[PDB]
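Participant:
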Amino acid sequence: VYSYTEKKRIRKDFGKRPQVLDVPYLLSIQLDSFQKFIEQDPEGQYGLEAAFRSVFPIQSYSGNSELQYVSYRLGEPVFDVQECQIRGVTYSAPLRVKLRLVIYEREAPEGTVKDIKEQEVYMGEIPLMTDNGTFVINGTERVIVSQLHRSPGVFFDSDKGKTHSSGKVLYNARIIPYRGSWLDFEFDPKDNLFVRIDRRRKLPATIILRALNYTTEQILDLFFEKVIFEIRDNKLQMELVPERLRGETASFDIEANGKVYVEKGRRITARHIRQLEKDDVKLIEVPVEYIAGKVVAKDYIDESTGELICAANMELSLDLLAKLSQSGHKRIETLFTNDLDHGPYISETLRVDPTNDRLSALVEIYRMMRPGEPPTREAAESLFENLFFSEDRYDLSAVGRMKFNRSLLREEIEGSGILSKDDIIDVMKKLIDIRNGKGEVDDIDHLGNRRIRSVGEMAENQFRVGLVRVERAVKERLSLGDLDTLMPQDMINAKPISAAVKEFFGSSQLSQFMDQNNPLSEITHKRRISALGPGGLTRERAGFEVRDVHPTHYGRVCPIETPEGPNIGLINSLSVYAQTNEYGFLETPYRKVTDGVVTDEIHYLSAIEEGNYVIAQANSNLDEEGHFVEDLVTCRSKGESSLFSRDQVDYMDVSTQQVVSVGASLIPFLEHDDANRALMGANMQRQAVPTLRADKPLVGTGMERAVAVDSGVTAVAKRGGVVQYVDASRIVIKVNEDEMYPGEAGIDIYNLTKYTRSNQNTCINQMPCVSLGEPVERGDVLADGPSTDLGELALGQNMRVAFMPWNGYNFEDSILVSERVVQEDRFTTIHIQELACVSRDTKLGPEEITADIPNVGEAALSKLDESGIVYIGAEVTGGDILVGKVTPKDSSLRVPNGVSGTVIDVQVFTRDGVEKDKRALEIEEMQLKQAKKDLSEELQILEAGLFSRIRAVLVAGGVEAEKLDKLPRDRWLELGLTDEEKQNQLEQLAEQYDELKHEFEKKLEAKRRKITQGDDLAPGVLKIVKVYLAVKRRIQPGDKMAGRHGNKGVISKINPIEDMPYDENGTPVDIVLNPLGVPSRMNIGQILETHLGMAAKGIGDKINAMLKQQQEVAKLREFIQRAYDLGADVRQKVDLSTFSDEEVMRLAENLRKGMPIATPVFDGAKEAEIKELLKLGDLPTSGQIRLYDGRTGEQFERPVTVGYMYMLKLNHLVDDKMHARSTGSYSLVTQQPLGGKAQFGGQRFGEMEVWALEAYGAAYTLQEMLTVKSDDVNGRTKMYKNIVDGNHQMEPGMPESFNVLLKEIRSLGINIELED
Amino acid sequence: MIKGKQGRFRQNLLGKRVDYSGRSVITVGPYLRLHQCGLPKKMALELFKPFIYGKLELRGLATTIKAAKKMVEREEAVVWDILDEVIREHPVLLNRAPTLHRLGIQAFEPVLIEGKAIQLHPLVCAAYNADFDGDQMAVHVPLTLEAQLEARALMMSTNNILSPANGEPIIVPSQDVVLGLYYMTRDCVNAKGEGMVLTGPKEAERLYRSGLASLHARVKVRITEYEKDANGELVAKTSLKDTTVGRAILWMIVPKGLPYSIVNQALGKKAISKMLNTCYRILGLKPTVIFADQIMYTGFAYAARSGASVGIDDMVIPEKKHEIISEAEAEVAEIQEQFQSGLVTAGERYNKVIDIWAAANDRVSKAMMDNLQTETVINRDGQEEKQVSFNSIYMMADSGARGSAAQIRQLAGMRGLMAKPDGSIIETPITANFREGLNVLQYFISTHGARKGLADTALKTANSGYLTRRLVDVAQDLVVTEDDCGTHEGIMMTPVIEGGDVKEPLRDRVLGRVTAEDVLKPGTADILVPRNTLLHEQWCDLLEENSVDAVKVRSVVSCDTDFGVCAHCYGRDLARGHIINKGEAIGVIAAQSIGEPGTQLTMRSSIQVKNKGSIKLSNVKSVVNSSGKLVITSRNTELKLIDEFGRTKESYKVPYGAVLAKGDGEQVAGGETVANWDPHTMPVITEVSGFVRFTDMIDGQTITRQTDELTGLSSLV
RNA sequence: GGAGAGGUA
Ligand SMILES: [Mg+2]
Ligand SMILES: [Zn+2]
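Protein sequences appear in the order of chains I and J.
Residues 2 to 890, 915 to 1341 (PDB author numbering) are what the first sequence spells out, left to right.
Residues 330 to 933, 948 to 1060 (PDB author numbering) are what the second sequence spells out, left to right.
Shown next as structure tokens:
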């Protein structure tokens, strides 16, 4: 059950929940998006094909001719990845599309083909995705984070009484297309209804209703109910609906059937309706006063005069009733209104409506959208139509349509990409209904409303918008005549598309540099989920609500991992097991719970679906049958937790660790620390510098191998095999027989990236972790990358720690460090700096890099060669010369001050058509030889593999081992053999051999071409030389190291070992922390970690002691087995008996520096098991031991806590910060010292410091500081002279910047000046 | 080019970059004197280059500036001693980035160091509010002579010991030395070498160093106090006190003129602060600073000796916690049942649930605190006894070094209830402590709360910066420019009362402000003080023993000085023990004092007297009711409880129309309810007895006969 | 020199 390689070191594991689902591939969400962006999809609903099919075809205005799309293709990348990294160009691919121009016959009827031609026009280059996912623009590999933008669709929102000071809420509704103009409906404080478009001037909505050719009566019919009055013999015996009688009061005597159903002054009881419906009465005689203040539904006209008596939407009055009665009107329809059920919200807006007809409404709309421009009868209609119903300018994506239909309780989850009359009508109906109370407002922070968006969609949109320009160009071209001789090459231009895409990738608010000083850094950065960017809110105008953790984040977004400070809750990281919905939401797995059994089958639920069911959490004690030992089980039902029955549940979590990010997943004993301090620990964990040789953490959380392998640093075998030959540079594996493909056997081979600068100037290289003749298995590690050990993450070093104050040297958070840490040299870190020098072309001719320069002793020149370039491997120091460059009339590059190191790599580049000096030719030749020899070795290795295969296939059916060696490999393929598929295989292998020959013979020439060719360059630059310095920053007081529990500190001193505290056993401790830190900032996780690590180290030490004196495997097997025992029903269950009795020896060897221990974050090891494990060692179970002082030698009373802790050295080096400036350069427009360490700038005496100096009586010093030390030219010149002359005095004068301000003001019409 | 931060005004014309500057990280180096700071060789050499050139040319080692530049460039061995020479008495300035108040920048003498980190005397860290988690500091140098003298005489660290905002010192031993001292001045009931007698602290030190006695055990020892009650004459007087050896050893350090009682308690942080304050108030400045240095040295030494570590075993969980929680849960069950049957509503269920949860949480907290603080039971050489505990956590907490009771409560006991985003409080509290592991949901809720806190902190500091910037802008022009404006108006400073007790006694509201009109003792016609004297401590004591109530004090709001304020109208400096000088820019320091603390702020029936004394009433327009009690008809009526001596002691607002048992000038007993009222409705209370007539009241248009139907009594509205 | 992105206290 355990892999051979796995048996090298197997981490003792705690935890009891049986893992049911392994972590998925972390880097999934990226490669799939970009994969879909570029594919040949026949459905034409993904990536480039959708866009092409959308924009195309294109029809001329006449249109006598059109240009349509056919198909596309991507050419081969011109250069490989490494070449693009070297030169610094984009790793792109040409795009070639076959367009098809057709020509009709003009005089012939509509639809005919006079002629037709086509070609494959080139257009644009699209950057490609590396295997990891990252892109390479200019050898500056970057990464694109994903956005979290609100989804398109509809939203009913409400302002919560935050306006008008009236306490009255105001429900608004918004429609947001995926591409087009927005739309808003709003309720006035006066119950009016206002449309607003793209945040422009407000408008009554009934206007836009009329825009749909809708009249008054149509609208009223749509939006209200009718009440029919009957002019009859006796004064309006009105028909009535009993259902309209809830919530009224009888104002008169309601009587029918000779029965007074109710009298005036009475409220309409439910039982009144009961008796009414029981009597089944419908018509009630009503007094005329009931129609006192009503409004007519439609218009009524006199039949004879044909003149309207009362146009629709008109109040009611007695004389009007008389006119109806004389007009013979019998049916009188009015609006059924109410104050709590049906407010007349439409009627008010209609009365506000100044327009009545379609034309005027459209005209005023046009005026609103475009101020001025006296409209025409066609401008408004064209505007509106192309605005809200032309698919080309307005578009709800499929997601939009789905969400829209969803919100409106529709049935179809598919529809059109544009709007429709019914759509708006239903939207407004729903808004009105919400106003009446039915239906409820919808929040925004719900995860069910915001959508992720990866690279592909954005790239497609950029491609489309670029395409639009060339579309317009070709359309205006085809509108022009002279079509007989056109070609689909002249009208098409590549520049627009190239610009449109290149600008986005190279320069956008989402394509950002990659932090690369860790595997973890790269991983966590790639999984980032930003909320800023185009279409996203702004960093500095975000309220608390966005930053706060909505309850729906559970399991989909890590809540504890975030960059604090100016931007919190905006740079949220993804949770571990989270997936992406087909649409782009966030889904999470859940174990299906049947009637009473917890199945292993899983379903990925979206945010919205979760709100319905009931889910028990991860740590619910079931017993082998999903039968929960308990009965009141904790479950998150819907935005809250509770205890429910043992049968009502529907789903269970997958694993305890599905709530956190990968980044925070690595902190042991997380469940004990505070939240914010864990966040700090994680963020600092993201910044660890790789050490010289990594060390496994004694106490991992078990997530280490996943992170390591999933990252691209380490070289993981792909098909198990056997090491055939190893080297520091490359590896070769003879593939296993079965994994081998039928044809083209070959053998696996790997090459190793040696020391290369990272994105953070930290060298990176790989080292093999296997020897010859070592069997290997698929997916196993082979080459340790940075900060890795045996294919598991290892950032910092584990060290012996003790908690106590010590002479104040650890006063606040200072960390006192013994001298062994540096003597044994386990924290030195390597760095690489690149320095460039160019040869511009200027007046007085150009300048050169000649080795000869004026006014310099030969001492400096001793290190350069004849050409003027330092030799490789030279050990330069601060203030040296690297390349000698001349003043055309001494611009020689020099080492930056203070920096030491060694030159390791030189490179040079020249404009094409320029001669090349000695050194350049030398390097070219050396590269030539290198590539030649490399390919020779590769080819012969492959041929050896092929002939090994050929020998293997001849071992059966005519094997003559003698005959093999009698005549050499040159003539083996031709040997006779029984007639079967074996002969076919022999022919296949021989064919592959010849193919290998030809491939190498051509690839050599290809590489020769790549090398010998010239180099493109920016205008003016004749050549560029780059040099690489390597340095080893070791350690100093001032550096910043930290533990994993957000317990950072600054190293303060390096005591000699003899002063360090030491135990009675003679081992001195290596670090002294300050106990005072823990209680205030509640992080006990470090203390528990210390105890556990001490236990582990004790076990390792016992094993080492057992080994030191020779002890047979008999004792080792026993002791190791017992050690791996003693778990509280742990799931490890490792057996030693099955081992080869020598893997036992190697495992013991790997454990003599401790026994690694695992700890799932929320399934950690409680106190008792730690106590038991300690007692397995001979250490005091209390954890605290007595100590003795280095100086005095006497014992410390009060037994002290000591153990081991894993600690990192962060990337804030003291050498990088310490800086000074006495007198340097000067800004140009204003004469002040420059700023920043890059230049030799000075500090900024800020305004608050001016205030502070004012607070003291200090006046002279302030005056001098802001007059002579910074600004006044003559003042500082004469001050320099005075200081040289030993005379401390100054002459103030006036600041220049004030004169600058004076001139600037006077540039305006303001005459400002100084008086007498 | 003018507006906004980037405008010339706020960018280059008010704040500028400056030459002769440095930037670095900071470390402790506790061995330093309070008046000097470490400095790397490289930065030192870079900064003082011109001085180095001058000295080289004077020594003649370089008869030019170019050769001198070469020599310094390759730093010949000579240059280092030259540097040491130049540095001899040249101060520099240290600054931290967010400098809120006046103390955020200070002068120091330099001491060279072979490092690359600016050492820093730890005591000033509190003033700088500077952690060592990687905070950086900036360095400046004063060039001209006058600048050097200003630095030495105004900005030297040893000159700034009292916060300008208030006379409180600002060099409090912060967190570690305090722990050491508290541990030193403790006493085990029965420790090694107990009951013996010593002939002075030196013997105590020798005994402890030989190890023949524990660092804290009860011993009688003879000592000598120095009382300078005479006119600046330190009279020595010996005695045979009984203390613990640690305290005796500590006494060796204190200067002459102090009472030994000040060094006889457990010495909490407050005790140390008060001790320093008194020492300064008595023996001036220099003894205080040297005493502080010795304090720090000793504190570090003995704290390190103590070896006070923290272990997991220290988090002692109370045994009864589980029982308490189970009982509370069972209690919750019955309420949930009562709501299931509908006997009770939902809101009341919720409120009662919260109440009982709070009660249980309080019980748990109390139980753990009790089980912890007195856990230690030790035989005394008799049979058995108990004492305060030495659990490291409790020692750290009680000493005040770090953490209030809340944090330890969270660590050991249940960490209470958590509030969800909208301000609501979740019904189910977090029942787990950190010694145990929280489950998923609990941690989720806590994470929510913590994020809320962090975001609030960020926005709060952001806004506070703008507030203080505004504040200083409006009051930057004001400078004291006169000695006396010659007026008599002022304001009646009185002790503040909030209905409850004295929120602040008068003694601290008037401390250090000249009077307007002379006070007369309550021997009225007894001139207790002059009308234009400064109220320093002794006169405040005179007032206190005379139980004065309110005082006419000269304010600043009424000073008759034009474009300034006379000295007397302002008062004492509050940055040093004497009147303000002539010229000070009080406005700026006041603005800074007001603005600095802003960051610490937050962004988002019956009368029961409790003391025996005289009752007095003010603004009384009252009558006697039918029951003989007193019913008030004025609104601002105020009730005071005065003691027998005649000084006001308690005060309470009288609501309108409240019944009162007493009259005026009676005697009340502690816990005697004296008044009552209805807080809900408003009556039409009358004054005199007689018939009531419904005048100008006709049913139909003035009144309605809305007679009560539930009972049947006459009613018209 | 100016913009934009990220990061530390
Ligand atoms: Mg800090
Ligand atoms: Zn005055």
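Built from N, CA and C at the ideal position, the CB exists for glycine as well.
How big is the Cα-Cα spacing for residue 390 (chain J) and residue 918 (chain J)?
Facilitator: Counting from one through the second sequence, the residue named residue 390 (chain J) turns up at place 61. Counting from one through the second sequence, the residue named residue 918 (chain J) turns up at place 589. Between residue 390 (chain J) and residue 918 (chain J), the C-alpha separation is close to 49 Å.
Participant: Could you name the residues of the segment 429–444 of chain J whose beta carbon sits closer than 7 Å to any beta carbon of chain I, in the order they occur along the chain?
Facilitator: 431, 433, 434 and 444
Participant: State the start and end residues of the unbroken alpha helix (DSSP H) segment that holds residue 618 (chain J).
Facilitator: By 1-based counting over the second sequence, the position of residue 618 (chain J) is 289. Looking at the DSSP string, the run of the alpha helix (DSSP H) that includes residue 618 (chain J) is 615–635.
Participant: Quick check: the Cα distance between residue 780 (chain I) and residue 716 (chain I), rounded to an integer number of angstroms?
Facilitator: Counting from one through the first sequence, the residue named residue 780 (chain I) turns up at place 779. Counting from one through the first sequence, the residue named residue 716 (chain I) turns up at place 715. Straight-line Cα distance between these residues: approximately 9 Å.
Participant: What does residue 838 (chain I) pair with, by DSSP beta-bridge criteria?
Facilitator: As a working mapping, residue 838 (chain I) is identified with position 837 in the first sequence. Residue 838 (chain I) is bridged to I:1050.
Participant: Going by CA-CA distance only, name the one from I:683, I:798 and I:810 that's closest to residue 1079 (chain I).
Facilitator: The residue given as residue 1079 (chain I) occupies position 1054 in the first sequence. Taking only the C-alpha atoms, the option nearest residue 1079 (chain I) is I:810.
Participant: Alpha carbon to alpha carbon, how far is residue 970 (chain I) from residue 750 (chain I)? Give it in angstroms, no decimals.
Facilitator: The residue labelled residue 750 (chain I) in the question sits at position 749 within the first sequence. The residue labelled residue 970 (chain I) in the question sits at position 945 within the first sequence. Rounded to the nearest angstrom, the two C-alpha atoms are 11 Å apart.
Participant: Suppose you measure from the CA of residue 421 (chain J) to the CA of residue 436 (chain J); what does that come to, to the nearest Å?
Facilitator: Along the second sequence, one-based indexing puts residue 421 (chain J) at 92. Along the second sequence, one-based indexing puts residue 436 (chain J) at 107. The alpha-carbon atoms of residue 421 (chain J) and residue 436 (chain J) are separated by roughly 6 Å.
Participant: Could you name the residues of the segment 787–820 of chain I whose beta carbon sits closer than 7 Å to any beta carbon of chain J, in the order they occur along the chain?
Facilitator: Considering only beta carbons, the part of the segment 787–820 of chain I lying closer than 7 Å to chain J consists of 804, 805, 806, 807, 808, 809, 810, 812, 813, 814 and 815, in chain order.
Participant: If we require 4 or more residues per run, which alpha helix (DSSP H) segments fall completely within the segment 1249–1310 of chain I?
Facilitator: Taking only runs of at least 4 residues, the alpha helix (DSSP H) segments lying wholly in the segment 1249–1310 of chain I are 1272–1280, 1285–1292 and 1298–1309.
Participant: Can you list, in chain order, the residues of its chain with a C-beta nearer than 6 Å to that of residue 197 (chain I)? Leave out the 5 residues immediately preceding and following it.
Facilitator: As a position in the first sequence, residue 197 (chain I) is number 196, starting the count at 1. Excluding sequence neighbours, residue 197 (chain I) sits near 185 and 203.
Participant: Name, in chain order, the residues that DSSP records as bridge partners for residue 604 (chain I).
Facilitator: On the first sequence, position 603 is the one that residue 604 (chain I) refers to. According to DSSP, residue 604 (chain I) bridges with I:591.
Participant: Check whether the Cβ of residue 897 (chain J) sits closer than 7 Å to any heavy atom of ligand 2, and report yes or no.
Facilitator: Stepping through the second sequence from its first residue, residue 897 (chain J) is reached at position 568. For ligand 2, at least one heavy atom lies less than 7 Å from the Cβ of residue 897 (chain J).
Participant: Measuring alpha carbon to alpha carbon, tell me which of I:128, I:134 and I:64 ends up nearest residue 109 (chain I).
Facilitator: To locate residue 109 (chain I), count along the first sequence from 1; it is residue 108. Nearest C-alpha to residue 109 (chain I): I:64.
Participant: Could you please give me the residues that DSSP links to residue 173 (chain I) through a beta bridge?
Facilitator: The residue you call residue 173 (chain I) lines up with position 172 of the first sequence. In DSSP, residue 173 (chain I) forms a bridge with I:158 and I:187.
Participant: So, at 8 Å on beta carbons, what are the nonlocal neighbours of residue 1137 (chain I) in its own chain, with the 5 sequence-adjacent residues on each side left out?
Facilitator: Against the first sequence, residue 1137 (chain I) aligns to sequence position 1112. The answer is none, since no qualifying residue turns up.
Participant: Taking the alpha helix (DSSP H) that residue 730 (chain J) belongs to, which residues open and close that run?
Facilitator: Sequence index remark: in the second sequence, residue 730 (chain J) carries index 401 (1-based). It is not in any alpha helix (DSSP H) - residue 730 (chain J) carries neither H nor E in the DSSP assignment.
Participant: Residues in its own chain within less than 7 Å of residue 614 (chain I) by CB, not counting five upstream and five downstream?
Facilitator: Your numbering for residue 614 (chain I) matches position 613 in the first sequence. Apart from the 5 residues on each side of it in sequence, residue 614 (chain I) sits with its Cβ closer than 7 Å to the Cβ of 651 and 652 in its chain, given in chain order.
Participant: In the DSSP assignment, find the beta strand (DSSP E) that holds residue 311 (chain I) and state where it starts and stops.
Facilitator: Against the first sequence, residue 311 (chain I) aligns to sequence position 310. Where residue 311 (chain I) is concerned, the enclosing beta strand (DSSP E) stretches over 309–311.
Participant: Three or more beta-carbon pairs under 8 Å between the segment 384–404 of chain J and the segment 1260–1273 of chain I, yes or no?
Facilitator: no
Participant: Can you grab the Cα-Cα spacing for the pair residue 508 (chain J) / residue 1114 (chain I), in whole Å?
Facilitator: Counting from 1 along the second sequence, the entry for residue 508 (chain J) is found at position 179. Counting from 1 along the first sequence, the entry for residue 1114 (chain I) is found at position 1089. One C-alpha to the other measures close to 26 Å.
Participant: In whole angstroms, what separates the C-alpha of residue 21 (chain I) from that of residue 659 (chain I)?
Facilitator: Here residue 21 (chain I) refers to the residue found at position 20 when the first sequence is read from its first residue. Here residue 659 (chain I) refers to the residue found at position 658 when the first sequence is read from its first residue. Computed Cα separation, rounded: 12 Å.
Participant: Are at least three pairs of beta-carbons, each pair with one atom in the segment 627–641 of chain J and one in the segment 497–517 of chain J, less than 8 Å apart?
Facilitator: Contact holds between the segment 627–641 of chain J and the segment 497–517 of chain J, because three or more Cβ pairs, one in each stretch, are under 8 Å apart.
Participant: Relative to the C-alpha of residue 912 (chain I), which candidate in I:97, I:797, I:100 and I:674 has its C-alpha closest?
Facilitator: Here chain I breaks off after 890 and picks up again at 915, leaving residue 912 (chain I) without coordinates.
Participant: Given that a residue counts as buried once 16 or more other Cβ atoms are within 10 Å of its Cβ, and exposed if not, what is residue 417 (chain J)?
Facilitator: Taking the second sequence and counting its residues from 1, the one referred to as residue 417 (chain J) is at position 88. Exposed is the call here.
Participant: Which class does residue 985 (chain I) belong to by DSSP, given the choice of helix, strand or coil?
Facilitator: By one-based count along the first sequence, residue 985 (chain I) stands at place 960. Residue 985 (chain I): coil per DSSP, three-state reduction.
Participant: Alpha carbon to alpha carbon, what distance is there between residue 476 (chain I) and residue 900 (chain I)?
Facilitator: Since the model of chain I passes from 890 to 915 in one step, residue 900 (chain I) is not part of what is shown.
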